[PDB]
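Novice: Coordinates in start_15.cif, mmCIF, N, CA and C atoms, are listed below.
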data_entry
#
loop_
_atom_site.label_atom_id
_atom_site.label_comp_id
_atom_site.auth_asym_id
_atom_site.auth_seq_id
_atom_site.Cartn_x
_atom_site.Cartn_y
_atom_site.Cartn_z
N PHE W 1 -117.33 128.75 -40.99
CA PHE W 1 -118.32 129.28 -41.91
C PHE W 1 -117.78 130.49 -42.66
N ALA W 2 -117.00 131.32 -41.98
CA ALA W 2 -116.39 132.47 -42.64
C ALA W 2 -115.35 132.04 -43.65
N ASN W 3 -114.61 130.97 -43.34
CA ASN W 3 -113.63 130.46 -44.29
C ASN W 3 -114.30 129.82 -45.49
N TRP W 4 -115.48 129.24 -45.30
CA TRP W 4 -116.26 128.74 -46.42
C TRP W 4 -116.74 129.88 -47.31
N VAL W 5 -117.16 130.99 -46.69
CA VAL W 5 -117.62 132.14 -47.46
C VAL W 5 -116.46 132.77 -48.22
N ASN W 6 -115.28 132.82 -47.60
CA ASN W 6 -114.11 133.33 -48.30
C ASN W 6 -113.64 132.38 -49.38
N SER W 7 -113.87 131.08 -49.21
CA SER W 7 -113.60 130.11 -50.26
C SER W 7 -114.52 130.32 -51.45
N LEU W 8 -115.78 130.67 -51.19
CA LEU W 8 -116.68 131.02 -52.28
C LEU W 8 -116.25 132.29 -52.99
N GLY W 9 -116.14 133.40 -52.26
CA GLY W 9 -115.56 134.59 -52.87
C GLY W 9 -116.57 135.37 -53.68
N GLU W 10 -116.50 135.22 -55.01
CA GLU W 10 -117.19 136.14 -55.90
C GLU W 10 -118.69 135.91 -55.94
N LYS W 11 -119.11 134.65 -55.93
CA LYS W 11 -120.54 134.36 -56.01
C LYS W 11 -121.21 134.31 -54.65
N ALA W 12 -120.68 135.01 -53.65
CA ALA W 12 -121.09 134.78 -52.27
C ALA W 12 -122.47 135.36 -51.98
N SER W 13 -122.76 136.56 -52.47
CA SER W 13 -124.05 137.20 -52.19
C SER W 13 -125.27 136.40 -52.66
N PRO W 14 -125.35 135.89 -53.91
CA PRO W 14 -126.54 135.10 -54.25
C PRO W 14 -126.63 133.78 -53.50
N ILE W 15 -125.51 133.12 -53.23
CA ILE W 15 -125.62 131.85 -52.54
C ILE W 15 -125.90 132.06 -51.05
N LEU W 16 -125.44 133.17 -50.47
CA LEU W 16 -125.78 133.43 -49.08
C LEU W 16 -127.22 133.85 -48.92
N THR W 17 -127.76 134.62 -49.87
CA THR W 17 -129.17 134.94 -49.72
C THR W 17 -130.07 133.79 -50.17
N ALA W 18 -129.54 132.83 -50.93
CA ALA W 18 -130.29 131.61 -51.19
C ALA W 18 -130.26 130.68 -50.00
N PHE W 19 -129.16 130.70 -49.24
CA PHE W 19 -129.10 129.99 -47.98
C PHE W 19 -129.96 130.66 -46.92
N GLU W 20 -130.13 131.98 -47.04
CA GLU W 20 -130.96 132.72 -46.10
C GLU W 20 -132.42 132.35 -46.28
N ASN W 21 -132.86 132.20 -47.52
CA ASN W 21 -134.15 131.60 -47.79
C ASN W 21 -134.00 130.08 -47.62
N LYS W 22 -135.12 129.37 -47.59
CA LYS W 22 -135.09 127.93 -47.49
C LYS W 22 -135.13 127.24 -48.85
N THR W 23 -134.76 127.94 -49.91
CA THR W 23 -134.84 127.40 -51.26
C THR W 23 -133.48 127.06 -51.85
N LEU W 24 -132.43 126.98 -51.04
CA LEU W 24 -131.10 126.67 -51.54
C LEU W 24 -131.02 125.25 -52.08
N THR W 25 -130.49 125.10 -53.28
CA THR W 25 -130.41 123.82 -53.96
C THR W 25 -128.96 123.39 -54.07
N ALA W 26 -128.77 122.14 -54.52
CA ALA W 26 -127.43 121.63 -54.76
C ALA W 26 -126.82 122.26 -56.00
N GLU W 27 -127.66 122.62 -56.96
CA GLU W 27 -127.17 122.96 -58.29
C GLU W 27 -126.57 124.35 -58.32
N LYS W 28 -127.19 125.30 -57.61
CA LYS W 28 -126.58 126.62 -57.45
C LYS W 28 -125.31 126.53 -56.62
N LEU W 29 -125.28 125.60 -55.67
CA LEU W 29 -124.13 125.46 -54.79
C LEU W 29 -122.93 124.88 -55.51
N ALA W 30 -123.16 123.96 -56.45
CA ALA W 30 -122.07 123.34 -57.19
C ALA W 30 -121.39 124.32 -58.12
N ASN W 31 -122.15 125.27 -58.66
CA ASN W 31 -121.61 126.19 -59.64
C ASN W 31 -120.65 127.18 -58.99
N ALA W 32 -120.83 127.43 -57.69
CA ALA W 32 -119.91 128.32 -57.00
C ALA W 32 -118.61 127.62 -56.63
N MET W 33 -118.59 126.30 -56.70
CA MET W 33 -117.39 125.54 -56.38
C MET W 33 -116.75 124.90 -57.60
N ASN W 34 -117.32 125.14 -58.79
CA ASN W 34 -116.88 124.57 -60.07
C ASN W 34 -116.93 123.04 -60.06
N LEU W 35 -117.83 122.47 -59.27
CA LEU W 35 -117.94 121.04 -59.09
C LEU W 35 -119.17 120.52 -59.82
N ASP W 36 -119.15 119.24 -60.15
CA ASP W 36 -120.32 118.66 -60.79
C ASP W 36 -121.39 118.41 -59.75
N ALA W 37 -122.63 118.73 -60.13
CA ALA W 37 -123.73 118.77 -59.17
C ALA W 37 -124.10 117.38 -58.68
N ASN W 38 -123.95 116.38 -59.56
CA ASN W 38 -124.27 114.99 -59.22
C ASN W 38 -123.42 114.47 -58.07
N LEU W 39 -122.22 115.03 -57.89
CA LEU W 39 -121.37 114.66 -56.76
C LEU W 39 -122.01 115.08 -55.44
N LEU W 40 -122.50 116.32 -55.38
CA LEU W 40 -123.19 116.79 -54.19
C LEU W 40 -124.50 116.06 -53.97
N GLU W 41 -125.19 115.74 -55.07
CA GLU W 41 -126.42 114.95 -54.99
C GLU W 41 -126.16 113.60 -54.36
N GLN W 42 -125.12 112.91 -54.82
CA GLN W 42 -124.82 111.59 -54.30
C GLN W 42 -124.29 111.66 -52.88
N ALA W 43 -123.54 112.71 -52.55
CA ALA W 43 -123.09 112.88 -51.17
C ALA W 43 -124.26 113.09 -50.23
N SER W 44 -125.26 113.86 -50.66
CA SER W 44 -126.48 114.03 -49.89
C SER W 44 -127.23 112.71 -49.75
N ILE W 45 -127.28 111.92 -50.82
CA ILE W 45 -128.00 110.65 -50.76
C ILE W 45 -127.28 109.67 -49.84
N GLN W 46 -125.94 109.69 -49.84
CA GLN W 46 -125.21 108.79 -48.96
C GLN W 46 -125.33 109.21 -47.50
N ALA W 47 -125.41 110.51 -47.24
CA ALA W 47 -125.67 110.95 -45.87
C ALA W 47 -127.09 110.60 -45.44
N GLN W 48 -128.04 110.63 -46.37
CA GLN W 48 -129.41 110.22 -46.07
C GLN W 48 -129.53 108.71 -45.90
N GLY H 1 -73.87 98.18 -51.97
CA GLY H 1 -75.18 98.57 -51.51
C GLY H 1 -75.76 99.78 -52.19
N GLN H 2 -75.08 100.34 -53.18
CA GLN H 2 -75.68 101.39 -53.99
C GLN H 2 -76.76 100.77 -54.86
N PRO H 3 -78.00 101.25 -54.80
CA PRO H 3 -79.06 100.65 -55.61
C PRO H 3 -78.86 100.96 -57.08
N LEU H 4 -79.21 99.99 -57.93
CA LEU H 4 -79.13 100.23 -59.36
C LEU H 4 -80.24 101.16 -59.83
N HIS H 5 -81.40 101.09 -59.20
CA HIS H 5 -82.49 101.98 -59.57
C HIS H 5 -82.27 103.37 -58.99
N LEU H 6 -82.69 104.37 -59.74
CA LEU H 6 -82.60 105.72 -59.25
C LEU H 6 -83.90 106.10 -58.56
N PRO H 7 -83.84 106.87 -57.47
CA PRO H 7 -85.05 107.13 -56.68
C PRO H 7 -86.02 108.05 -57.40
N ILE H 8 -87.30 107.87 -57.11
CA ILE H 8 -88.33 108.68 -57.73
C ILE H 8 -88.32 110.06 -57.08
N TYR H 9 -88.75 111.07 -57.84
CA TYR H 9 -88.69 112.46 -57.41
C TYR H 9 -90.10 112.95 -57.11
N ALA H 10 -90.25 113.61 -55.96
CA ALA H 10 -91.57 114.03 -55.52
C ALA H 10 -92.05 115.26 -56.29
N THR H 11 -93.36 115.35 -56.43
CA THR H 11 -94.06 116.47 -57.02
C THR H 11 -94.50 117.43 -55.92
N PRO H 12 -94.13 118.70 -56.00
CA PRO H 12 -94.47 119.64 -54.93
C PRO H 12 -95.95 119.95 -54.87
N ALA H 13 -96.40 120.35 -53.68
CA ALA H 13 -97.82 120.54 -53.42
C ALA H 13 -98.34 121.78 -54.13
N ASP H 14 -99.65 121.85 -54.29
CA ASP H 14 -100.25 122.99 -54.96
C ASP H 14 -100.58 124.08 -53.93
N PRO H 15 -100.19 125.33 -54.19
CA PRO H 15 -100.48 126.40 -53.24
C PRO H 15 -101.94 126.82 -53.32
N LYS H 16 -102.46 127.29 -52.19
CA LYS H 16 -103.85 127.74 -52.16
C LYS H 16 -103.97 129.17 -52.65
N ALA H 17 -105.08 129.46 -53.32
CA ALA H 17 -105.38 130.79 -53.85
C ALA H 17 -106.32 131.47 -52.87
N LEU H 18 -105.78 132.38 -52.07
CA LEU H 18 -106.57 133.11 -51.09
C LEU H 18 -107.55 134.04 -51.78
N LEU H 19 -108.82 133.89 -51.42
CA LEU H 19 -109.89 134.61 -52.09
C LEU H 19 -110.74 135.32 -51.06
N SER H 20 -111.08 136.57 -51.35
CA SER H 20 -111.93 137.37 -50.48
C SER H 20 -113.32 137.49 -51.09
N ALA H 21 -114.31 137.62 -50.22
CA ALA H 21 -115.69 137.83 -50.63
C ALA H 21 -116.11 139.22 -50.19
N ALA H 22 -116.66 139.99 -51.13
CA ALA H 22 -117.13 141.34 -50.87
C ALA H 22 -118.63 141.38 -51.10
N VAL H 23 -119.39 141.57 -50.03
CA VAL H 23 -120.85 141.61 -50.10
C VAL H 23 -121.31 142.97 -49.61
N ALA H 24 -122.55 143.31 -49.94
CA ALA H 24 -123.15 144.57 -49.52
C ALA H 24 -124.44 144.31 -48.76
N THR H 25 -124.83 145.27 -47.93
CA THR H 25 -126.01 145.15 -47.09
C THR H 25 -127.08 146.14 -47.53
N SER H 26 -128.31 145.87 -47.12
CA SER H 26 -129.45 146.71 -47.46
C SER H 26 -130.12 147.25 -46.21
N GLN H 27 -129.85 148.51 -45.90
CA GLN H 27 -130.52 149.22 -44.83
C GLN H 27 -131.80 149.85 -45.36
N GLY H 28 -132.85 149.82 -44.55
CA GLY H 28 -134.13 150.34 -44.98
C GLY H 28 -134.16 151.86 -44.91
N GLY H 29 -134.85 152.47 -45.87
CA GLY H 29 -134.90 153.93 -45.92
C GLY H 29 -135.86 154.50 -44.89
N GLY H 30 -135.62 155.75 -44.51
CA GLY H 30 -136.50 156.40 -43.56
C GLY H 30 -137.70 157.04 -44.23
N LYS H 31 -138.81 157.02 -43.50
CA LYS H 31 -140.05 157.63 -43.93
C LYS H 31 -140.08 159.09 -43.49
N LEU H 32 -141.21 159.74 -43.72
CA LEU H 32 -141.27 161.17 -43.44
C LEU H 32 -141.87 161.43 -42.06
N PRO H 33 -141.46 162.51 -41.40
CA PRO H 33 -142.17 162.96 -40.20
C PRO H 33 -143.51 163.61 -40.54
N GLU H 34 -144.18 164.08 -39.50
CA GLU H 34 -145.55 164.55 -39.66
C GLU H 34 -145.57 165.99 -40.15
N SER H 35 -146.54 166.30 -41.01
CA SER H 35 -146.73 167.66 -41.48
C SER H 35 -147.24 168.56 -40.35
N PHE H 36 -146.39 169.49 -39.93
CA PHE H 36 -146.77 170.49 -38.95
C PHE H 36 -146.84 171.85 -39.62
N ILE H 37 -148.00 172.48 -39.53
CA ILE H 37 -148.27 173.72 -40.24
C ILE H 37 -147.70 174.86 -39.40
N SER H 38 -147.33 175.96 -40.05
CA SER H 38 -146.77 177.10 -39.36
C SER H 38 -147.56 178.38 -39.66
N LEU H 39 -147.05 179.49 -39.13
CA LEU H 39 -147.70 180.77 -39.33
C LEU H 39 -147.25 181.42 -40.62
N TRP H 40 -146.06 181.09 -41.08
CA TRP H 40 -145.43 181.91 -42.10
C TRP H 40 -145.99 181.61 -43.48
N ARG H 41 -145.91 182.61 -44.35
CA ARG H 41 -146.21 182.40 -45.75
C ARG H 41 -145.06 181.68 -46.44
N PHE H 42 -145.18 181.56 -47.76
CA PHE H 42 -144.25 180.72 -48.49
C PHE H 42 -142.82 181.26 -48.59
N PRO H 43 -142.54 182.52 -48.98
CA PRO H 43 -141.13 182.87 -49.24
C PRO H 43 -140.24 182.91 -48.01
N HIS H 44 -140.77 183.31 -46.86
CA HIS H 44 -139.96 183.36 -45.65
C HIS H 44 -139.58 181.97 -45.19
N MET H 45 -140.54 181.04 -45.21
CA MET H 45 -140.25 179.67 -44.83
C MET H 45 -139.33 179.01 -45.85
N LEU H 46 -139.46 179.40 -47.12
CA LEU H 46 -138.59 178.87 -48.17
C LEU H 46 -137.14 179.31 -47.96
N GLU H 47 -136.93 180.60 -47.70
CA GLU H 47 -135.58 181.10 -47.46
C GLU H 47 -134.99 180.50 -46.19
N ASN H 48 -135.82 180.33 -45.16
CA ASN H 48 -135.38 179.71 -43.92
C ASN H 48 -134.89 178.28 -44.16
N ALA H 49 -135.68 177.50 -44.89
CA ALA H 49 -135.30 176.13 -45.20
C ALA H 49 -134.07 176.08 -46.09
#
Would it be possible to restate this file's structure as structure tokens?

Specialist:
Amino acid sequence: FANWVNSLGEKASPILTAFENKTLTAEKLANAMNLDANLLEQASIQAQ
Amino acid sequence: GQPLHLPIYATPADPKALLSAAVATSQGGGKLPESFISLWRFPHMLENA
């Protein structure tokens, strides 16, 4: 988890406090990884 | 047995960019203690404080 936070780096405070609340979304999470959000959406759907 | 084709050349791996995260914390501020009255007038208590 610490290595994930260090992988995030600069945008860590808003995404960690969004994870601290129960309102964390895929779309804020994708922007911290420079990834397309639909990829995380489909990965969530495949896990579901 | 020397091959006529020349062997393909490998592409080196990409190095990782080590990144640090710097976050800050929020400690709650302290409130005031209770007002306790004294004997002294204003300037002596003012100079004392």

Novice: Taking the file as shown, what set of residues would the PyMOL selection byres ((chain W) within 6 of (chain H)) give back, as a PDB file with N, CA and C atoms, keeping the file's coordinate frame?

Specialist:
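Written out: expr-v4.pdb:
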ATOM      1  N   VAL W   5    -117.160 130.990 -46.690  1.00  0.00           N
ATOM      2  CA  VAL W   5    -117.620 132.140 -47.460  1.00  0.00           C
ATOM      3  C   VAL W   5    -116.460 132.770 -48.220  1.00  0.00           C
ATOM      4  N   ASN W   6    -115.280 132.820 -47.600  1.00  0.00           N
ATOM      5  CA  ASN W   6    -114.110 133.330 -48.300  1.00  0.00           C
ATOM      6  C   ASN W   6    -113.640 132.380 -49.380  1.00  0.00           C
ATOM      7  N   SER W   7    -113.870 131.080 -49.210  1.00  0.00           N
ATOM      8  CA  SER W   7    -113.600 130.110 -50.260  1.00  0.00           C
ATOM      9  C   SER W   7    -114.520 130.320 -51.450  1.00  0.00           C
ATOM     10  N   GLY W   9    -116.140 133.400 -52.260  1.00  0.00           N
ATOM     11  CA  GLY W   9    -115.560 134.590 -52.870  1.00  0.00           C
ATOM     12  C   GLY W   9    -116.570 135.370 -53.680  1.00  0.00           C
ATOM     13  N   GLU W  10    -116.500 135.220 -55.010  1.00  0.00           N
ATOM     14  CA  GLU W  10    -117.190 136.140 -55.900  1.00  0.00           C
ATOM     15  C   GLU W  10    -118.690 135.910 -55.940  1.00  0.00           C
ATOM     16  N   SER W  13    -122.760 136.560 -52.470  1.00  0.00           N
ATOM     17  CA  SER W  13    -124.050 137.200 -52.190  1.00  0.00           C
ATOM     18  C   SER W  13    -125.270 136.400 -52.660  1.00  0.00           C
TER      19      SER W  13
END

Novice: Report the distance between atom N of residue 34 in chain W and CA of residue 3 in chain W in Å, rounded to one decimal place.

Specialist: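 These two atoms are separated by 15.9 Å.
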
Novice: Can you measure atom C of residue 27 in chain W to atom C of residue 8 in chain W for me? One decimal in Å is fine.

Specialist: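 Computing the Euclidean distance for atom C of residue 27 in chain W and atom C of residue 8 in chain W yields 14.1 Å.
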
Novice: CA of residue 26 in chain H to atom N of residue 11 in chain W: how many Å, to one decimal?

Specialist: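 Going from CA of residue 26 in chain H over to atom N of residue 11 in chain W covers 18.0 Å.
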
Novice: Residues picked by the PyMOL selection byres (((chain W and resi 29 and name CA) around 10) and name CA) here, as a PyMOL selection string?

Specialist: chain W and resi 8+11+14-16+18-19+24-28+30-37+40

Novice: From chain W, collect each residue whose DSSP state is helix (DSSP H, G or I) and return the set as a PyMOL selection string.

Specialist: chain W and resi 2-20+26-31+37-47

Novice: For range 6-23 of chain W, take all atoms listed in the file, fit an axis-aligned box around them, add 8 Å to each of the six sides, then output centre and edge lengths in Å rounded to one decimal, as AutoDock Vina command-line options.

Specialist:
--center_x -124.4 --center_y 132.1 --center_z -51.1 --size_x 37.5 --size_y 26.1 --size_z 25.9
